[PDB]
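Only one chain comes next, encoded as structure tokens, the form deposited in one PDB entry.
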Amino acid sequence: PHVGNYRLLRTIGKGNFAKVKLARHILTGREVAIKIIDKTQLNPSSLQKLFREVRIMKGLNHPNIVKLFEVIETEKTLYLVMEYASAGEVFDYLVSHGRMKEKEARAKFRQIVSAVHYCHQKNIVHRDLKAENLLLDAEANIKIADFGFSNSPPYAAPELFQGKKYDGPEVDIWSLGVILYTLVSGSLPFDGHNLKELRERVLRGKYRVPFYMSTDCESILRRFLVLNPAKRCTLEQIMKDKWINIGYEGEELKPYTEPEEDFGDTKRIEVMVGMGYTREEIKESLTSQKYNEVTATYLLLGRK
């Protein structure tokens, strides 16, 4: 019930290799989520994917992507201390509260587009965008989680169902069209019992659209759910769309740029010394994006 500066609370996730636990940072009192991985139970390729995952995580800084704080290493187990998305899956939110009204789907979807574009810019392709990997904080903001399979069938592009060419950003774009479709309707655009039916409908690319849907919504989905990855619209282009910006007259959705982070908050620096941190230790490990006990404590003292 303790690893590093963390008290392990309850398991909040379980995969076929990893488990996520809610934890409390004993110094700052902040809640975090730790993705626990037993490296001994992993085959050589998933071990390679876990190392890719940790690298990708290190190179991302967006307010709508679950952020890494600390990496606790042991011979047999890897500990990935990240943000805790308090309100859970969007999937659950939809079953619990019904389809989202377009103002709500727009608020959430703009964030997803900002976050997914940022990844493509920093040469990352999520490859697992599902409503499961989409979560919320207490202020109901999207936080894209996982990155295990980066560089599900109902969200998978037609080319991947065939076993065709790679490319990348385009496969995440088809998924975003599947996400928006669920956000506004509650259901998935393409389904069907056994895998053969789902494969057929994704490939035919035919989806019903509900009477309540706005004409601008039905249009914006056609830009994403393009059966041809080449003719599929780009995120820089879709960000300019009528729908994405309804009720955002001044602020049209433009690509995210990571701002200048202040690694010199005099108030958080002194408050750390009163715990056991030294001037030389803080300065040396803050200036450098190390992700250690020090870095984590400083980022957590401005979170609450």
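Heads up: residue numbers just count along the shown sequence, starting at 1. Each form is matched to the other, and the largest set of C-alpha atoms that superpose within 1.5 Å is called the rigid core.
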property	result
Where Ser187 meets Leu188 in the shown sequence, the number of deposited residues left unmodelled	none
Between 195 to 203 and 122 to 130 (mean CA B-factor, as deposited), the higher	195 to 203
Entry-level comparison of average CA B-factors, 20 to 28 and 282 to 290, reporting the higher stretch	282 to 290
Identity of residue with top Cα B-factor, from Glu75, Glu102, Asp167, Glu218	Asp167
Per the PDB entry, maximal CA B factor within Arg268, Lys67, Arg52, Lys39	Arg268
Chain third (lowest, middle, highest) by recorded CA B-factor, residue given as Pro210	lowest
Chain thirds of CA B-factor: placement of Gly163	highest
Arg106 - Cα temperature factor, lowest/middle/highest third of chain	lowest
Chain thirds of CA B-factor: placement of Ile246	lowest
Third of the chain, ranked by Cα B-factor, where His117 sits	middle
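Not on display, but discussed next: the form deposited in another entry.
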item: Displaced position between this form and the one not shown, chosen from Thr266, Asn43, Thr257, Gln237 (C-alpha, 2 Å or more, rigid core); value: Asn43
item: Post core alignment: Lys67 C-alpha displaced by 2 Å or more between this form and the one not shown; value: no
